[PDB]
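These notes concern the structure reproduced below.
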Amino acid sequence: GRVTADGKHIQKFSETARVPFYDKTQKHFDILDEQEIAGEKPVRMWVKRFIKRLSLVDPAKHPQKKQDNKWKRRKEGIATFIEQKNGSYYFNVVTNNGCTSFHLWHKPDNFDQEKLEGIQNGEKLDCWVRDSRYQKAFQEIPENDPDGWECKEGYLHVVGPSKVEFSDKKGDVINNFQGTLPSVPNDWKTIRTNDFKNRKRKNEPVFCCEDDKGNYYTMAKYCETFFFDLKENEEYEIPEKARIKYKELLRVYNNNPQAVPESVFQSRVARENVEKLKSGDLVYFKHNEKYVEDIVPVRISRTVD
RNA sequence: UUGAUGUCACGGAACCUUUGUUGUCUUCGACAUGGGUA
RNA sequence: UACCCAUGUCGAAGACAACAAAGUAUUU
């Protein structure tokens, strides 16, 4: 939700999507303006809810784990090979929905047509395809995925790189870093992740670093959130109780002895010493038919009595 | 800024009454933080 | 729009509440 200009109502967004900000696969911090980052100018993003995945042998007669629930909802088509790189193969696809086509890169399974050993330019194959939730957004359409993006307008909710694990002693991620750990940056906008927790699948990027008095930090947030489809006709009134609870939430955020000692790793509410609701704020809200009941600044937050 | 044959104003204690007092173990364990994957 | 958690660290309270001036016969 978004707090209205009068400061007395909160309007409802219909949707959210994740925006990668601290990974090296994009340039959002270099191309978005300050008031777009601050969440006080609306922006227009490309959004994809579902992403396609292929198999080049029928899942129903595929060995092992693909006579499986995810593949129960099959869809069929034909694919044309057009490029190969790093063992990945590039296909244009036509599904059985008349004319309905898209390009995608595929990293073959062992049973994908002899793992595509010996396939050649211009060839084509019968295929099966599924779609799975992706719910991500970008300002510019990434290369290697040029199709299926929907243009939407909304606001960016930028909290900062505040999901951090820290210790006085070296854990599993730090032990396996393979390098000299960086120093803690001074500016929260320059942080970029430098390896992964699951380095085979390359899920879950992290930023590992060390400070001058011997603490080790692992920041494990790389996405930031995009709010879109603002409903004009759906205000909810903020009662006085909701403001008191929010002020108490802010007080407990800013008076924490157990807080991470480096403020670049704190959320905007704590890092910036926020003290009130203000017009135009972006927030998560709980409501009844007419009134706001609970307000929090981040996705997993605190609940006040 | 006096008025004149008449001024005890050195003719009148800012005096009298009121408790800085009432209540409070130098004690003590679970809590911080916000995403990630499809 | 469903699923899943992850990390180990750290002192708190340092006066508060009340009162903040009020009374002080002249007569059946």
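Note: hydrogens, waters and symmetry copies are ignored here, and every other heavy atom, side chains too, is used. Chain letters run A, B, ... following the sequence lines, proteins first and then strands; every chain starts at 1.
- Applying the ring-ring contact (aromatic ring centres under 6.0 Å, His included) test to A:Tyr217 and every residue at least two apart in sequence or in another chain returns A:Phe265.
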Give me, pair by pair, the N or O atoms of the protein and of nucleotides 3-5 of chain C that are less than 3.5 Å apart, along with how far apart they are.
none

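- In the region residues 248-278 of chain A, proximity to RNA chain C at under 4.0 angstrom, judged on heavy atoms, holds for A:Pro257, A:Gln258.
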Please write out the pairs of protein N or O atoms and N or O atoms of nucleotides 36-38 of chain B separated by less than 3.5 Å, giving the distance to one decimal.
residue: B:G36; atom: OP1; partner: A:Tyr222; partner atom: N; Å: 3.0
residue: B:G36; atom: OP1; partner: A:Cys223; partner atom: N; Å: 2.9
residue: B:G36; atom: OP2; partner: A:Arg18; partner atom: NH1; Å: 2.9
residue: B:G36; atom: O5'; partner: A:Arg18; partner atom: NH1; Å: 3.1
residue: B:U37; atom: OP1; partner: A:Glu204; partner atom: N; Å: 2.8
residue: B:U37; atom: OP2; partner: A:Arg18; partner atom: NH1; Å: 3.3
residue: B:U37; atom: OP2; partner: A:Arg18; partner atom: NH2; Å: 3.0
residue: B:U37; atom: OP2; partner: A:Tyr222; partner atom: OH; Å: 2.6
residue: B:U37; atom: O3'; partner: A:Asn203; partner atom: OD1; Å: 3.1
residue: B:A38; atom: OP1; partner: A:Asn203; partner atom: OD1; Å: 3.4
residue: B:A38; atom: OP1; partner: A:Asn203; partner atom: ND2; Å: 2.8
residue: B:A38; atom: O3'; partner: A:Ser132; partner atom: OG; Å: 2.8

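- Listed in residue order, the members of residues 140-156 of chain A having a heavy atom less than 4.0 Å from RNA chain B come to none.
- Contacts classified as salt bridge (charged side-chain N to carboxylate O under 4.0 Å, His left out) and involving residues 110-138 of chain A (residues at least two apart or in different chains) are not found.
- For residues 189-208 of chain A, every residue pair satisfying the salt bridge (charged side-chain N to carboxylate O under 4.0 Å, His left out) rule, not counting sequence neighbours, is listed here: A:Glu165-A:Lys197, A:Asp187-A:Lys189, A:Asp195-A:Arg199.
- A salt bridge (charged side-chain N to carboxylate O under 4.0 Å, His left out) check over residues 74-91 of chain A, counting only residues at least two apart or in different chains, returns nothing.
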Per-nucleotide pairing state of RNA chain B [Watson-Crick or G-U, under 3.5 Å; [ ] pseudoknot-crossing; | other strand]: ...............|||.|||||.|||||||||||||

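- For A:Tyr89, the ring-ring contact (aromatic ring centres under 6.0 Å, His included) test picks out A:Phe81, with sequence neighbours left out.
- Annotation: side chain to side chain contact (heavy atoms under 4.5 Å, CB included) contacts of A:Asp147 (sequence neighbours excluded): A:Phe102, A:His103.
- For A:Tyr134, there are no ring-ring contact (aromatic ring centres under 6.0 Å, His included) partners at least two apart in sequence or on another chain.
- The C1'-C2'-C3'-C4' torsion of C:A20 is negative, so its sugar falls on the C2'-endo, or south, side.
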